[PDB]
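Novice: okay, here's the opening piece of the assembly, coordinates as they are in the complex:
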Amino acid sequence: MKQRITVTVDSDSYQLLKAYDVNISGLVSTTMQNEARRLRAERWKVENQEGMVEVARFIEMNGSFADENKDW
Amino acid sequence: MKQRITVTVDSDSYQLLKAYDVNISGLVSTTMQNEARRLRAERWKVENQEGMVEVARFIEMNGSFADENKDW
């Protein structure tokens, strides 16, 4: 099924990743497999890959808030 | 005010992380800072679907004949 995982960041370092163009959908799930298998920490070598990607993120858009109480 | 970031995933390895004991909250956004700091380039996920097909056809073509004349 579809499980909505929500990491209420605003602190750790979420806004940047998506600020560039990756609202963790593929990131989390990717990190997940790695963190899932190894669950601790790993190490690799030089990227050995060219970085030719742009931005212009345009998918995520929402947000609201209206104070009218406090809750008891 | 914090910020809710949610990957509507489940089986994309996400569940496995929290399945252990970490809803990834701290991991996700932390990890992001790493990919947000380094942001080299996303790994374009390629497919593997074929696009070939056959035909093989052979019907027939039959016809009739006529007599006629002129009649005197």
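Specialist: On my side now, so go ahead. Residues are numbered from 1 along each chain as shown, chains lettered A, B, ... in the order given.
Novice: distance of the most centrally placed residue in chain A from residue B:71?
Specialist: The centre of chain A sits closest to residue A:24, judged by CA atoms, centre = their mean, with a distance of 2.8 Å. To residue B:71, residue A:24 is 92 Å away according to CB to CB, to the nearest Å. In this view, the C-beta of every residue, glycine as well, is placed from N, C-alpha and C.
Novice: next one: residue A:8
Specialist: According to CB to CB, residue A:8 stands 100 Å off from residue B:71.
Novice: again, but for residue A:60
Specialist: 88 Å.
Novice: The two: which is more packed in?
Specialist: The residue with more neighbours, out of residue A:60 and residue B:71, is residue A:60; 11 against 4, by other CB atoms under 10 Å in any protein chain shown.
Novice: following sequence is DNA strand C, place it on the structure:
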DNA sequence: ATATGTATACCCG
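Specialist: Placed with the earlier chains, DNA strand C looks like this:
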């Protein structure tokens, strides 16, 4: 009809 992201009432404090 999904896929994806998000807000929000709730929970305890």
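Novice: Skipping adjacent residues, who's closest to the residue nearest to the centre of chain A in space?
Specialist: residue B:7 (5.0 Å; CB to CB, 6 or more residues apart in numbering or on different chains).
Novice: wait, is that neighbour part of a strand?
Specialist: Yes - assessed with DSSP: H, G, I helix; E, B strand; the rest coil, residue B:7 lies in a strand.
Novice: Point out the residues in chain A that sit beside DNA strand C.
Specialist: Within chain A, the residues that sit near DNA strand C (CB under 7 Å from any atom of the strand) are A:2, A:4, A:6, A:18, A:23-25, A:59-60, A:62-66, A:71.
Novice: Recalculate using a threshold of 10 Å.
Specialist: Contacts of chain A with DNA strand C, taken as CB under 10 Å from any atom of the strand, map to A:1-10, A:14-15, A:17-18, A:22-29, A:59-72.
Novice: and DNA strand D on top of that:
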DNA sequence: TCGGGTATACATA
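Specialist: Okay, here's DNA strand D dropped in alongside the others:
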């Protein structure tokens, strides 16, 4: 609204 994380409700693609 209070928040992590939730579902659903809702927005958006």
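Novice: and the residue nearest to the centre of chain A, what does it touch?
Specialist: Residue A:24 makes contact with A:7, A:14, A:17, A:18, B:5, B:7, B:28, B:32, according to CB atoms under 8 Å, 6 or more residues apart in numbering or on different chains.
Novice: The fifth one touches residue A:27, doesn't it?
Specialist: By that I understand residue B:5. No - contact criterion CB atoms under 8 Å: residue B:5 and residue A:27 do not qualify, at 10.4 Å.
Novice: what's around the closest residue to DNA strand D within chain A, how many residues?
Specialist: Of all residues in chain A, residue A:8 sits closest to DNA strand D, at 3.0 Å by CB to the nearest atom of the strand. Around residue A:8 there are 15 other residues, counting by other CB under 10 Å.
Novice: Thanks a lot, catch you later.
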